[PDB]
Amino acid sequence: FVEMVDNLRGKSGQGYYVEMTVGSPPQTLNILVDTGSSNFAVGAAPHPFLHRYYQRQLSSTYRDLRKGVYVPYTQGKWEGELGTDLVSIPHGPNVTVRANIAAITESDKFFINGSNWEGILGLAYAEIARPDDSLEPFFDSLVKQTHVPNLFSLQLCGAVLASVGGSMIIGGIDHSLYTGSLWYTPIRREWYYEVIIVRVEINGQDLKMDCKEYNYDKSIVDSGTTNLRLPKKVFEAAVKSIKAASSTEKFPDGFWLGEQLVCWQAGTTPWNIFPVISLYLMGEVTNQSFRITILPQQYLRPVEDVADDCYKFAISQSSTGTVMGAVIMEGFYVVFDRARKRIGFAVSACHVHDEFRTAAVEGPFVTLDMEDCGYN
Ligand SMILES: C[C@@]1(c2cccc(NC(=O)c3ccc(Cl)cn3)c2)COCC(N)=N1
Ligand SMILES: [Cl-]
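Residues numbered from 1 in each chain as written, not as in the entry; some residues may be left out. Chains lettered and ligands numbered in written order. Heavy atoms only, no water.

Its PDB header attributes the entry to X-ray crystallography and lists the resolution as 2.61 Å.

Structure follows, in structure tokens:
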């Protein structure tokens, strides 16, 4: 799968996007890769902050589905008109598919002011598709209409704003993108890419919480979220343990909550004074787990737009459960193995790390009562 390697691009804090083509003749658009949603939604109107947009009138193969959608979020929101059209991926498999498309006609706090993408490729399952599960997601259509195997994998690499890159391998796994072995965790339910975190460790030390807390109300793997988001009780326990672990220098209480930055002298970044973070995921076999481990390079993010100088704490509290965002996924090569209801983790060949430590995917470990860690 050499032709799909390095097919993702982006800027720091603005997500990873892939080039796609929509309509006949083909209109080129840059589309955010999003494992935490399920709509293929593109800007269909001349928003002043978008570079490009989908012009339905120019497409001979566009079919109107005569149905609106209104999708609000915690802050942002979009509205659009449903349809279908012929979609392709230039740096993907040599195929063309009839996919559902939400033509976004109005939005607020959805598009990023001066990013280089014009839509979202929701890669999750139909259950969370707006307006309902009858709207077939893009990847479900691709698999049905072609011989592309029912899996994809993401290598998100990370860094005025720094220019990031990566790979979305569609229909397979590229072994040059990871070191060591892939370790697999079951997809608990096919809606989001839901998983079960069974144990958390900060600097080798267990938080010793009831493992329902770790997955309350769920844990997901989400390429469309920056932070490692943790449930409130888990976040407090984690921050307290990170604080005790990093007692070289002291910071204000606003830094841990993401209410302010922290800054050092230029080119004197203290990585060594912060701990590694380990999440134990449920394994393939009864009573078996494995642990993925991230470095401070993943969760202390350099912020480039100040007016490496300054940094932000990219672990935050959530009321929507755990979200294993870019902070997690920049450490690992992630295989979304839909055909076998599982998600693979391996150490990524492009993850940022120092001379002393690296990210890791280690196992197997014996953990009891792992199914009790799920929330219902
Ligand atoms: C649909 C939705 C969504 C809407 C609009 C934008 C974005 N995502 C980004 O802007 C972004 C930024 C940085 C990085 Cl590393 C990744 N993604 C996500 C809702 O919110 C969470 C989610 N999973 N998907
Ligand atoms: Cl028209």
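A. Structural context of the pattern of salt bridges. In this structure the tally under the stated criterion is 20 salt bridges. The residue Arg 66 makes a salt bridge to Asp 64 at a minimum N-O spacing of 2.9 Å. For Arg 66, a relative accessible area of 66% corresponds to the exposed category. Take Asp 64: its relative accessible area is 37%, and that puts it in the partly exposed class. (Salt bridge = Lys/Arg side-chain N within 4 Å of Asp/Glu carboxyl O. Buried < 20%, exposed > 50% of the residue type's maximum accessible area, 1.4 Å probe, protein only.)

B. Inspection of the UniProt feature "active site" in the protein chain at higher detail. When the UniProt feature table is mapped to this numbering, "active site" covers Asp 34 and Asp 222. By the element assignment, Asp 34 lies in strand β3 (residues 27-34). Ignoring anything within four residues of it in the chain, the contact list for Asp 34 reads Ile 120, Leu 121, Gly 122, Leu 123, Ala 124, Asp 222, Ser 223 and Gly 224. Relative to the helices and strands, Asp 222 is located in the loop between β15 (219-221) and β16 (228-231). Taking relative accessible area as the criterion, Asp 222 reaches 7% and is therefore assigned buried. Separated by 3.2 Å, the side chain of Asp 222 and the backbone nitrogen of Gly 36 make a polar contact. (UniProt positions renumbered as here; feature names shortened; annotations may be inferred. Helix = DSSP H or I, 4+ residues; strand = E, 2+ residues; numbered from the N terminus. Contact = heavy atoms within 4.5 Å. Polar contact = N/O pair within 3.5 Å; in protein donor to acceptor, adjacent residues only side chain to side chain.)

C. Broad picture of the UniProt feature "disulfide bond" in the protein chain. Taking the pair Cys 157 and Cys 350, which UniProt gives as a disulfide, the gap between the sulfur atoms is 2.0 Å, short enough to count as bonded. When its relative accessible area of 14% is taken as the criterion, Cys 157 is described as buried. The sulfur-sulfur separation between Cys 263 and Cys 310, a disulfide according to UniProt, is 2.0 Å, below the 2.5 Å limit, so the bridge is formed here. On the basis of relative accessibility, which here comes to 45%, the residue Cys 263 falls in the partly exposed class. (Disulfide = S-S within 2.5 Å.)

D. Fine view of the site of ligand 1. Lining the immediate environment of ligand 1, one finds 18 residues, of which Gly 15, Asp 34, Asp 222, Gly 224 and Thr 226 sit closest. Note that a nitrogen atom of ligand 1 is positioned 3.0 Å from one of the side-chain N or O atoms of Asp 34. Contact between ligand 1 and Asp 222: a nitrogen atom at 2.8 Å from a side-chain N or O atom of the residue. For ligand 1, whose free accessible area comes to 550 Å², the fraction covered by protein is 82%. Per-class residue counts for the shell around ligand 1 are seven nonpolar, nine polar and two charged. Counting residues domain by domain, the shell around ligand 1 receives three or more from each of domain 1 (16-148) and domain 2 (149-376). (Near = heavy atom within 4 Å. Areas by Shrake-Rupley, 256 points an atom, 1.4 Å probe, with all protein chains shown as cover. Nonpolar A, V, L, I, M, F, W, Y, C, P; charged D, E, K, R; others polar. Domains from an automatic or database assignment.)

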